[PDB]
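J.: Mind looking over this structure? Questions follow.
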Amino acid sequence: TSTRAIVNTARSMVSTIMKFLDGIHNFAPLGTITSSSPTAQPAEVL
Amino acid sequence: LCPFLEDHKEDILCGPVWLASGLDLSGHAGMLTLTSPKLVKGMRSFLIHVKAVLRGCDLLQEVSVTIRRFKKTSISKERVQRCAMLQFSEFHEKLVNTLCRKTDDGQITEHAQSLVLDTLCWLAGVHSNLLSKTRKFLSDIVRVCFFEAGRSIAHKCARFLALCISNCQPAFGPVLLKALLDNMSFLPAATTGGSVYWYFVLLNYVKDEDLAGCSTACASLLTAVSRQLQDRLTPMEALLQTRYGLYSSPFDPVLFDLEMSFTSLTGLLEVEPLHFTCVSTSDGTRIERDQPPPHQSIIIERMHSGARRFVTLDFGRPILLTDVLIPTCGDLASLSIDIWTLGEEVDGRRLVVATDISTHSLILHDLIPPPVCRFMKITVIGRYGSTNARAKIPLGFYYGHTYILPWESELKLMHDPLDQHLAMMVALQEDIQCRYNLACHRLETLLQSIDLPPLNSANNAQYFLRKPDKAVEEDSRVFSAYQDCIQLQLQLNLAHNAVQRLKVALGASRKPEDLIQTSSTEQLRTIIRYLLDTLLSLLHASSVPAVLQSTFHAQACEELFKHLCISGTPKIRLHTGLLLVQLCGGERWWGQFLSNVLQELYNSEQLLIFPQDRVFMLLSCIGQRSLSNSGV
Amino acid sequence: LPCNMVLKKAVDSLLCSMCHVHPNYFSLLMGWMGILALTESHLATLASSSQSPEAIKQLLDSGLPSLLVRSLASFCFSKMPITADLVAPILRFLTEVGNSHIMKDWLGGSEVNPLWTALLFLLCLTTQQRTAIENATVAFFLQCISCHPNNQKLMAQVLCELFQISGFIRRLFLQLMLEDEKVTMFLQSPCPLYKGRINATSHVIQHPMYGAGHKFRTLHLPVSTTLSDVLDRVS
Amino acid sequence: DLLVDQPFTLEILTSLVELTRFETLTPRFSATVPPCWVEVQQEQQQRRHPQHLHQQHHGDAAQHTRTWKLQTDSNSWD
Amino acid sequence: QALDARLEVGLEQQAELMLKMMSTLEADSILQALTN
């Protein structure tokens with residue numbers, strides 16, 4: 001029953017294909033940082 | 001004619017030459033070689049008349065003039081001899097006959113053909129009846145010069161044909177196209193890759209005439225050759241392509257072409273890598289290393305702006321320099337190359353000056369009068385408006401021969417002067433054969449234990465996602481053995497081509513479907529590359545799409561994809577795919593073709609070994625470029 | 001099936017096992033191939049299925065190995081038509097059947113030792129054919145003398161006769177004598193041997209007598225390898 | 001007598017090629033030009049890439065090459 | 001682009017320029033075809 005009721009989260013050939021098509025990672029540098037206060041100093045340096 | 005020239009009509013020695021005809025690649029520069037048979041038939045003063053039919057000559061910022069005389073030769077009545085070469089038609093016909101090896105039982109030596117080509121090139125330059133002879137023997141001239149001779153002969157014939165094209169006679173372009181197409185079927189038997197390079201350069205330029213004929217010829221040859229290429233793939237080559245992305249044939253000793261980089265040096269198998277030692281340098285600059293010579297670069301501690309520095313390279317002997325390549329260096333504004341054998345101030349020659357060396361790499365390809373220098377001065381001028389303290393300028397690569405032939409060193413056969421080796425080369429070739437066989441055996445034994453799990457289960461997918469340590473070590477060993485095999489294959493092909501040079505100095509000759517059967521795999525791959533590029537340019541220059549539909553239909557397209565895209569090299573795969581999109585992407589069966597290919601190649605019952613990832617990337621690209629076709 | 005295909009190797013292992021259970025089946029096998037025009041697939045199947053004592057005995061008593069060796073010797077010095085393309089397949093067939101010690105003794109016997117000199121004379125043909133024949137001959141001699149003192153003596157005699165060093169001969173000497181001899185080690189255990197295995201799919205089609213599963217292992221190790229290293233390769 | 005009529009051995013072909021070769025005029029020619037064309041010293045033109053070391057064997061442009069820059073006069077376009 | 005200066009002496013400089021222009025035109029045509 002449990003085998004029926006779960007899907008394998010282990011990576012499979014779909015992940016392998018994604019890798020073929022090119023511990024945790026900081027994604028803050030890729031983002032854009034804004035503030036609701038119009039007078040705030042730009043926070044991109046953060 | 002203009003009023004001045006009408007007044008001086010009888011005094012004309014070189015007919016009016018369009019200024020644009022003298023242009024250089026830069027677009028705003030150039031040179032006219034004012035010459036004619038009348039100039040040769042004579043012996044103190046001249047007039048250069050420049051008339052515009054800012055406006056006209058006002059756009060001519062700067063002009064310069066030089067005069068060059070004929071070399072002083074011991075031959076008696078040399079002026080009468082030159083009159084003789086220029087006048088008599090029998091002379092041109094017999095030159096053509098000897099070039100075509102249709103005289104004296106075809107025992108004309110390659111050096112003899114080279115001299116005949118020199119004479120023909122001089123004649124074509126002087127003139128602009130010889131054109132009639134060239135057109136009548138065009139097929140045979142092309143055959144002998146592009147499919148049975150070396151890179152140098154092919155380049156010289158390419159120059160001769162260029163001069164002929166530049167010339168009330170029938171247009172030479174169509175006739176050259178017909179000759180090239182008639183010889184196309186012999187491409188599998190072409191002797192050297194550098195020769196095929198010039199052949200295809202000429203064919204690509206002259207294809208503008210009779211586009212349909214060139215298209216059908218290229219398509220037929222490509223279809224014929226792709227089957228043979230696919231039939232020659234071995235399971236080991238498939239394994240190397242798939243597991244490692246290595247597409248060379250390490251177990252096939254025969255190469256066909258070597259390049260460095262129609263934008264790269266070609267035909268480098270016929271020449272040797274030239275080693276050199278830094279002997280003198282300007283200021284505290286030096287060279288550092290950052291068979292082929294190690295990559296070397298000039299380190300300059302202080303570059304400044306517009307500052308000249310120089311490095312002197314000693315090859316250790318007078319070397320027949322034939323090819324040079326210097327990587328583009330943005331740190332300098334210009335690069336000058338001078339060459340001298342005895343001394344800089346004794347026999348110094350300016351080899352080249354490159355002013356766009358900052359935005360283009362320096363490429364001297366197959367110097368037709370190859371210098372016989374020994375010492376090489378590279379003078380680099382730092383970039384203007386730049387004060388980068390330290391500069392690292394890649395010296396580049398230099399090729400040629402370390403064994404000058406008696407005629408190559410001959411100082412009387414040049415413009416503006418200032419058997420034991422064969423035995424040794426054959427011994428070296430045999431040594432390299434043995435070493436390369438040992439390396440191939442090593443690679444074979446290592447690959448026979450290499451296994452590629454199919455991508456049909458999660459465990460194999462994880463194997464590919466995280467390559468296990470033992471797999472990593474096996475791949476490292478395979479890469480090392482494969483690199484050894486490729487280096488030894490390159491050395492073996494270079495040694496074979498040097499041995500052929502020596503046997504060609506000595507009287508000797510270099511050599512339909514059986515042709516394709518007997519061609520080497522690398523020769524077939526080079527032919528396929530050139531044919532695919534020709535077809536792509538054909539479509540770009542587009543009735544050529546009207547033809548290529550009798551061929552390259554659903555079945556032909558599928559066969560071509562299977563033969564070239566699955567097993568071909570990355571470039572062959574890419575170009576075949578893009579050609580197929582441009583040709584059949586708008587066809588109704590196109591989407592069915594893509595789905596059928598996907599089914600056949602990626603269904604789990606397929607045992608064919610191929611680079612699934614690369615073929616899938618190709619399929620995605622092809623489908624994206626044909627997504628306007630509703631059927632995809 | 002095409003030759004060298006792993007599926008064909010597995011089917012041929014099944015044929016080998018069936019012949020080992022029913023030796024007469026091998027005769028039927030030899031009957032179905034005509035034991036003349038033997039294709040490379042015929043040679044592969046026969047070599048694989050003949051890897052049993054009874055099967056190898058019947059193969060020798062059929063006269064096919066003798067006919068092959070005589071035809072190869074006739075080809076080299078120039079009753080079956082032999083072309084340069086069949087030399088490498090026949091040499092590979094002889095190597096594969098020489099996996100057996102009986103065929104290894106036969107290959108070094110008086111009837112076969114002329115073939116060694118014939119091969120060396122022939123090599124010391126198209127370039128691809130020459131390369132294939134050279135590789136096949138190196139493999140054939142490596143199999144014949146592999147841990148075989150008598151065949152080692154025979155090959156030493158042949159090489160001394162040849163010498164009484166470049167090209168094929170230098171490569172042969174380097175590969176055969178200046179490389180460590182490799183022996184096949186067959187390890188059985190009452191418990192599984194898990195070390196050295198990869199979870200991914202791998203088709204190792206060896207002779208069926210080497211078993212299957214985790215309790216059997218087959219290694220190809222230099223004779224210099226210490227037994228401790230052998231054990232470390234499996235535990 | 002003439003090389004054209006003789007058989008094309010390596011000697012005859014070499015003679016013909018030697019006939020076809022060229023050299024640069026060791027002494028520079030003199031030139032008279034319209035006023036709008038104004039000469040420039042060859043050392044100036046080759047300042048970026050000097051040939052002074054080659055001057056010994058008449059390789060510099062000062063011995064065989066003349067140069068003029070154009071002044072955009074009224075009839076300079078003509 | 002960066003011709004060898006020795007082609008100036010003979011009558012083959014224009015021919016070599018035309019050959020290089022041939023090669024460059026073919027390269028540009030191929031690049032444009034690949035980037036449709």
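Within each chain, counting starts at residue 1; across the structure tokens, chains are named A, B, ... in the order shown, with ligands numbered 1 upward in that order.
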Kindly determine which residues of chain B lie within 7 Å of chain D, considering only C-alpha atoms, and give the answer as a PyMOL selection string.

T.: chain B and resi 51-52+55-58+61-71+73+78+81-82+84-85+91+112+115-116+118-119+122+336+344-346+348+412-416

J.: Write out as a ChimeraX atom specification every residue belonging to chain C that has an atom at most 6 Å from any atom of chain B, counting only C-alpha atoms.

T.: /C:171,200-201

J.: Could the residues in this selection be saved with N, CA, C and O atoms as a PDB file, in the first residue's frame?

T.:
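Saved to selection.pdb:
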ATOM      1  N   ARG C 171      57.055  -4.730 -31.637  1.00  0.00           N
ATOM      2  CA  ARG C 171      55.786  -4.659 -30.919  1.00  0.00           C
ATOM      3  C   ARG C 171      55.444  -5.997 -30.278  1.00  0.00           C
ATOM      4  O   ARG C 171      54.984  -6.045 -29.130  1.00  0.00           O
ATOM      5  N   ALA C 200      25.009  -0.027 -11.227  1.00  0.00           N
ATOM      6  CA  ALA C 200      24.509   0.164 -12.579  1.00  0.00           C
ATOM      7  C   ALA C 200      24.561  -1.141 -13.369  1.00  0.00           C
ATOM      8  O   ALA C 200      25.194  -2.121 -12.970  1.00  0.00           O
ATOM      9  N   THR C 201      23.882  -1.138 -14.513  1.00  0.00           N
ATOM     10  CA  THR C 201      23.816  -2.327 -15.351  1.00  0.00           C
ATOM     11  C   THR C 201      25.165  -2.588 -16.009  1.00  0.00           C
ATOM     12  O   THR C 201      25.768  -1.685 -16.598  1.00  0.00           O
TER      13      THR C 201
END

J.: Would you please give, as a PDB file with C-alpha atoms, in the first residue's frame, all residues of chain E that DSSP assigns to alpha helix (DSSP H) based on the backbone?

T.:
ATOM      1  CA  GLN E  13      49.087  39.542 -54.218  1.00  0.00           C
ATOM      2  CA  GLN E  14      45.702  40.302 -55.787  1.00  0.00           C
ATOM      3  CA  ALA E  15      45.122  36.577 -56.334  1.00  0.00           C
ATOM      4  CA  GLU E  16      45.857  35.841 -52.671  1.00  0.00           C
ATOM      5  CA  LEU E  17      43.603  38.699 -51.572  1.00  0.00           C
ATOM      6  CA  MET E  18      40.817  37.290 -53.737  1.00  0.00           C
ATOM      7  CA  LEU E  19      41.386  33.805 -52.288  1.00  0.00           C
ATOM      8  CA  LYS E  20      41.193  35.134 -48.727  1.00  0.00           C
ATOM      9  CA  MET E  21      38.060  37.101 -49.619  1.00  0.00           C
ATOM     10  CA  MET E  22      36.636  33.870 -51.061  1.00  0.00           C
ATOM     11  CA  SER E  23      37.297  32.046 -47.800  1.00  0.00           C
ATOM     12  CA  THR E  24      35.890  34.880 -45.685  1.00  0.00           C
ATOM     13  CA  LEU E  25      32.720  35.153 -47.783  1.00  0.00           C
ATOM     14  CA  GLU E  26      32.195  31.398 -47.477  1.00  0.00           C
ATOM     15  CA  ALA E  27      32.751  31.548 -43.714  1.00  0.00           C
ATOM     16  CA  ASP E  28      30.255  34.403 -43.371  1.00  0.00           C
ATOM     17  CA  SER E  29      27.709  32.528 -45.488  1.00  0.00           C
ATOM     18  CA  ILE E  30      28.094  29.419 -43.327  1.00  0.00           C
ATOM     19  CA  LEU E  31      27.791  31.437 -40.115  1.00  0.00           C
ATOM     20  CA  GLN E  32      24.638  33.167 -41.361  1.00  0.00           C
ATOM     21  CA  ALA E  33      23.166  29.817 -42.411  1.00  0.00           C
ATOM     22  CA  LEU E  34      23.856  28.328 -38.976  1.00  0.00           C
TER      23      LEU E  34
END

J.: Kindly assemble as a tab-separated table a list of the chain E residues that lie within 10 Å of chain D, each paired with its nearest atom pair and their distance in Å to one decimal, using only C-alpha atoms, sorted first by chain and then by ascending residue number.

T.:
residue	atom	partner	partner_atom	distance
E:8	CA	D:24	CA	9.8
E:9	CA	D:22	CA	6.4
E:10	CA	D:22	CA	6.4
E:11	CA	D:22	CA	9.2

J.: Could you dump the residues just selected with C-alpha atoms as a compact mmCIF listing (two decimals), in the first residue's frame?

T.:
# COMPACT_ATOMS: atom_id res chain seq x y z
CA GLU E 8 54.21 42.52 -52.89
CA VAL E 9 57.19 41.56 -55.05
CA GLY E 10 55.34 39.28 -57.47
CA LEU E 11 52.03 39.33 -59.33

J.: Set the distance at 9 Å and use only C-alpha atoms: which residues neighbour range 98-110 of chain B once local chain neighbours fewer than 3 positions away are removed? I'd like the list as a list in words.

T.: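 Once the nearby chain positions are removed, what remains is residues 93, 94, 95, 113, 114, 115, 116, 117, 137, 140, 141, 142, 143, 144, 145, 149, 150, 153, 504, 505, 506, 507, 508, 509 and 510 of chain B; 8, 9 and 10 of chain D.
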
J.: Take the residues that were just selected and, keeping N, CA and C atoms, output them as a PDB file, in the first residue's frame.

T.:
ATOM      1  N   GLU B  93      49.891  26.033 -74.323  1.00  0.00           N
ATOM      2  CA  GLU B  93      49.289  24.713 -74.466  1.00  0.00           C
ATOM      3  C   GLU B  93      50.194  23.634 -73.885  1.00  0.00           C
ATOM      4  N   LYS B  94      51.503  23.741 -74.119  1.00  0.00           N
ATOM      5  CA  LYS B  94      52.418  22.712 -73.637  1.00  0.00           C
ATOM      6  C   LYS B  94      52.627  22.826 -72.131  1.00  0.00           C
ATOM      7  N   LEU B  95      52.610  24.050 -71.593  1.00  0.00           N
ATOM      8  CA  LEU B  95      52.573  24.221 -70.141  1.00  0.00           C
ATOM      9  C   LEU B  95      51.359  23.519 -69.544  1.00  0.00           C
ATOM     10  N   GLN B 113      55.649  20.277 -61.808  1.00  0.00           N
ATOM     11  CA  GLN B 113      54.314  20.867 -61.823  1.00  0.00           C
ATOM     12  C   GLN B 113      54.300  22.198 -61.082  1.00  0.00           C
ATOM     13  N   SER B 114      55.050  22.297 -59.985  1.00  0.00           N
ATOM     14  CA  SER B 114      55.132  23.558 -59.255  1.00  0.00           C
ATOM     15  C   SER B 114      55.734  24.656 -60.122  1.00  0.00           C
ATOM     16  N   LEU B 115      56.803  24.340 -60.854  1.00  0.00           N
ATOM     17  CA  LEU B 115      57.412  25.332 -61.737  1.00  0.00           C
ATOM     18  C   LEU B 115      56.461  25.719 -62.866  1.00  0.00           C
ATOM     19  N   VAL B 116      55.755  24.738 -63.429  1.00  0.00           N
ATOM     20  CA  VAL B 116      54.780  25.034 -64.476  1.00  0.00           C
ATOM     21  C   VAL B 116      53.689  25.948 -63.935  1.00  0.00           C
ATOM     22  N   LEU B 117      53.233  25.686 -62.710  1.00  0.00           N
ATOM     23  CA  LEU B 117      52.226  26.537 -62.089  1.00  0.00           C
ATOM     24  C   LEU B 117      52.766  27.933 -61.815  1.00  0.00           C
ATOM     25  N   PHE B 137      41.274  22.555 -70.799  1.00  0.00           N
ATOM     26  CA  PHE B 137      41.855  21.536 -69.933  1.00  0.00           C
ATOM     27  C   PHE B 137      41.451  21.722 -68.475  1.00  0.00           C
ATOM     28  N   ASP B 140      41.001  18.581 -66.207  1.00  0.00           N
ATOM     29  CA  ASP B 140      42.236  17.873 -65.886  1.00  0.00           C
ATOM     30  C   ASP B 140      43.142  18.709 -64.992  1.00  0.00           C
ATOM     31  N   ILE B 141      43.197  20.022 -65.220  1.00  0.00           N
ATOM     32  CA  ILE B 141      43.998  20.882 -64.353  1.00  0.00           C
ATOM     33  C   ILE B 141      43.497  20.786 -62.919  1.00  0.00           C
ATOM     34  N   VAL B 142      42.181  20.916 -62.736  1.00  0.00           N
ATOM     35  CA  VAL B 142      41.597  20.806 -61.403  1.00  0.00           C
ATOM     36  C   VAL B 142      41.901  19.436 -60.817  1.00  0.00           C
ATOM     37  N   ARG B 143      41.739  18.387 -61.625  1.00  0.00           N
ATOM     38  CA  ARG B 143      41.978  17.033 -61.138  1.00  0.00           C
ATOM     39  C   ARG B 143      43.392  16.889 -60.595  1.00  0.00           C
ATOM     40  N   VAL B 144      44.388  17.242 -61.407  1.00  0.00           N
ATOM     41  CA  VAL B 144      45.775  17.018 -61.016  1.00  0.00           C
ATOM     42  C   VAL B 144      46.165  17.930 -59.862  1.00  0.00           C
ATOM     43  N   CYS B 145      45.605  19.140 -59.810  1.00  0.00           N
ATOM     44  CA  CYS B 145      46.096  20.110 -58.840  1.00  0.00           C
ATOM     45  C   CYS B 145      45.380  20.001 -57.499  1.00  0.00           C
ATOM     46  N   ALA B 149      47.862  16.040 -56.004  1.00  0.00           N
ATOM     47  CA  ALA B 149      49.053  16.770 -55.591  1.00  0.00           C
ATOM     48  C   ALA B 149      48.908  17.241 -54.143  1.00  0.00           C
ATOM     49  N   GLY B 150      49.908  17.991 -53.675  1.00  0.00           N
ATOM     50  CA  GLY B 150      49.951  18.431 -52.298  1.00  0.00           C
ATOM     51  C   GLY B 150      49.245  19.759 -52.078  1.00  0.00           C
ATOM     52  N   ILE B 153      50.733  22.739 -54.284  1.00  0.00           N
ATOM     53  CA  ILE B 153      50.325  22.763 -55.686  1.00  0.00           C
ATOM     54  C   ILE B 153      48.877  23.218 -55.791  1.00  0.00           C
ATOM     55  N   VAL B 504      58.446  12.532 -52.942  1.00  0.00           N
ATOM     56  CA  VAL B 504      57.917  13.367 -54.014  1.00  0.00           C
ATOM     57  C   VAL B 504      58.995  14.277 -54.579  1.00  0.00           C
ATOM     58  N   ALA B 505      59.938  14.698 -53.738  1.00  0.00           N
ATOM     59  CA  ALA B 505      61.129  15.377 -54.229  1.00  0.00           C
ATOM     60  C   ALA B 505      61.816  14.472 -55.238  1.00  0.00           C
ATOM     61  N   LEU B 506      62.098  13.239 -54.829  1.00  0.00           N
ATOM     62  CA  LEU B 506      62.486  12.206 -55.776  1.00  0.00           C
ATOM     63  C   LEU B 506      61.308  11.905 -56.696  1.00  0.00           C
ATOM     64  N   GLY B 507      61.601  11.623 -57.961  1.00  0.00           N
ATOM     65  CA  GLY B 507      60.548  11.398 -58.934  1.00  0.00           C
ATOM     66  C   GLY B 507      59.523  10.376 -58.488  1.00  0.00           C
ATOM     67  N   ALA B 508      58.303  10.834 -58.214  1.00  0.00           N
ATOM     68  CA  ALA B 508      57.219   9.948 -57.809  1.00  0.00           C
ATOM     69  C   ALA B 508      55.902  10.694 -57.970  1.00  0.00           C
ATOM     70  N   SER B 509      54.814   9.928 -58.001  1.00  0.00           N
ATOM     71  CA  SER B 509      53.468  10.465 -58.141  1.00  0.00           C
ATOM     72  C   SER B 509      52.666  10.153 -56.887  1.00  0.00           C
ATOM     73  N   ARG B 510      51.875  11.123 -56.436  1.00  0.00           N
ATOM     74  CA  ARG B 510      50.973  10.912 -55.311  1.00  0.00           C
ATOM     75  C   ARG B 510      49.719  10.207 -55.810  1.00  0.00           C
TER      76      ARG B 510
ATOM     77  N   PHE D   8      60.391  20.520 -71.614  1.00  0.00           N
ATOM     78  CA  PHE D   8      60.202  20.978 -70.239  1.00  0.00           C
ATOM     79  C   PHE D   8      60.827  19.977 -69.267  1.00  0.00           C
ATOM     80  N   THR D   9      62.155  19.979 -69.244  1.00  0.00           N
ATOM     81  CA  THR D   9      62.881  19.344 -68.159  1.00  0.00           C
ATOM     82  C   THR D   9      62.889  20.272 -66.946  1.00  0.00           C
ATOM     83  N   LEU D  10      63.417  19.770 -65.829  1.00  0.00           N
ATOM     84  CA  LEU D  10      63.504  20.609 -64.640  1.00  0.00           C
ATOM     85  C   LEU D  10      64.381  21.828 -64.890  1.00  0.00           C
TER      86      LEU D  10
END

J.: How many Å separate CA of residue 40 in chain B from CA of residue 10 in chain B?

T.: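 Separation between CA of residue 40 in chain B and CA of residue 10 in chain B: 15.8 Å.
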
J.: How close does chain B get to chain E? List, as a tab-separated table, each residue of chain B within 6 Å, its nearest atom pair and the distance in Å to one decimal, counting only C-alpha atoms.

T.:
residue	atom	partner	partner_atom	distance
B:25	CA	E:1	CA	5.7
B:125	CA	E:11	CA	5.3
B:159	CA	E:15	CA	5.3
B:162	CA	E:15	CA	5.5
B:163	CA	E:15	CA	5.7
B:201	CA	E:23	CA	6.0
B:205	CA	E:22	CA	5.8
B:262	CA	E:23	CA	5.3
B:351	CA	E:4	CA	5.4
B:352	CA	E:4	CA	4.4
B:354	CA	E:2	CA	4.6
B:536	CA	E:33	CA	5.9
B:537	CA	E:30	CA	5.3
B:540	CA	E:33	CA	5.5

J.: So that I can see what lies close to residue 78 in chain C, please list as number ranges by chain the residues with an atom at most 12 Å from it, counting only C-alpha atoms and leaving out residues fewer than 5 positions away in the same chain.

T.: C: 71-73, 83-84, 118-119, 121-122, 125

J.: Output C-alpha atoms for every residue in the selection just made, as a JSON list (two decimals), in the first residue's frame.

T.:
[["chain", "number", "residue", "atom", "x", "y", "z"],
["C", 71, "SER", "CA", 44.76, -23.18, -44.63],
["C", 72, "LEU", "CA", 46.18, -20.30, -42.58],
["C", 73, "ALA", "CA", 49.71, -21.63, -43.05],
["C", 83, "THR", "CA", 41.56, -14.51, -47.75],
["C", 84, "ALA", "CA", 43.34, -11.81, -45.77],
["C", 118, "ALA", "CA", 54.27, -18.89, -40.94],
["C", 119, "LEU", "CA", 52.61, -15.99, -39.12],
["C", 121, "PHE", "CA", 57.25, -14.72, -41.65],
["C", 122, "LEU", "CA", 54.06, -13.23, -43.08],
["C", 125, "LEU", "CA", 47.84, -7.43, -47.38]]

J.: Would you list the contacts of residue 194 in chain C as a list in words, taking every protein, DNA or RNA residue within 10 Å and counting only C-alpha atoms, but skipping same-chain residues closer than 6 positions in sequence?

T.: residues 213, 214, 215, 216, 217, 233, 234 and 235 of chain C

J.: Please write the residues from the selection above to a file, keeping N, CA and C atoms, as a JSON list (two decimals), in the first residue's frame.

T.:
[["chain", "number", "residue", "atom", "x", "y", "z"],
["C", 213, "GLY", "N", 26.23, -14.35, -10.09],
["C", 213, "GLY", "CA", 25.84, -13.84, -8.79],
["C", 213, "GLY", "C", 27.03, -13.33, -7.99],
["C", 214, "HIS", "N", 26.79, -13.20, -6.68],
["C", 214, "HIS", "CA", 27.76, -12.57, -5.80],
["C", 214, "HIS", "C", 28.80, -13.53, -5.25],
["C", 215, "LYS", "N", 28.58, -14.84, -5.36],
["C", 215, "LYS", "CA", 29.49, -15.83, -4.81],
["C", 215, "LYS", "C", 30.60, -16.24, -5.78],
["C", 216, "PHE", "N", 30.60, -15.69, -6.99],
["C", 216, "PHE", "CA", 31.61, -16.00, -8.00],
["C", 216, "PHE", "C", 32.25, -14.71, -8.47],
["C", 217, "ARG", "N", 33.55, -14.76, -8.73],
["C", 217, "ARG", "CA", 34.26, -13.62, -9.31],
["C", 217, "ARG", "C", 35.35, -14.13, -10.23],
["C", 233, "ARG", "N", 40.76, -7.31, -3.62],
["C", 233, "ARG", "CA", 39.93, -6.97, -4.77],
["C", 233, "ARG", "C", 38.50, -7.47, -4.62],
["C", 234, "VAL", "N", 38.23, -8.34, -3.64],
["C", 234, "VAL", "CA", 36.90, -8.90, -3.44],
["C", 234, "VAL", "C", 36.42, -8.77, -2.00],
["C", 235, "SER", "N", 37.24, -8.26, -1.09],
["C", 235, "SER", "CA", 36.82, -8.10, 0.30],
["C", 235, "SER", "C", 37.84, -7.27, 1.07]]

J.: Quick one, how far is CA of residue 9 in chain A from CA of residue 202 in chain C?

T.: 24.7 Å

J.: With 8 Å as the limit and counting only C-alpha atoms, what residues in chain A lie close to chain B? Please list them as a list in words.

T.: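 Therefore, the residues near the partner are residues 11, 12, 13, 15, 16, 17, 19, 20 and 21 of chain A.
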
J.: Show me, as a PyMOL selection string, the residues that have an atom within 12 Å of residue 116 in chain C when counting only C-alpha atoms, minus same-chain residues fewer than 2 positions from it.

T.: chain C and resi 69-70+72-73+76-77+91+107-114+118-124+137-138+140-142+144-145+151+154-159+161-162

J.: Give me the residues near residue 521 in chain B as a list in words, where near means some atom within 9 Å (using only C-alpha atoms) and where sequence neighbours in that chain fewer than 2 positions away do not count.

T.: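 Contacts, with the query itself left out: residues 228, 229, 232, 233, 249, 252, 254, 255, 256, 519, 523, 524, 525 and 526 of chain B.
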
J.: Got a sec to tell me which of range 40-73 of chain D DSSP assigns to strand (DSSP E or B), as a list in words?

T.: residues 65, 66, 67, 68, 69 and 70 of chain D

J.: Do you have the CA of residue 270 in chain B-CA of residue 324 in chain B distance handy?

T.: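 Computing the Euclidean distance for CA of residue 270 in chain B and CA of residue 324 in chain B yields 14.0 Å.
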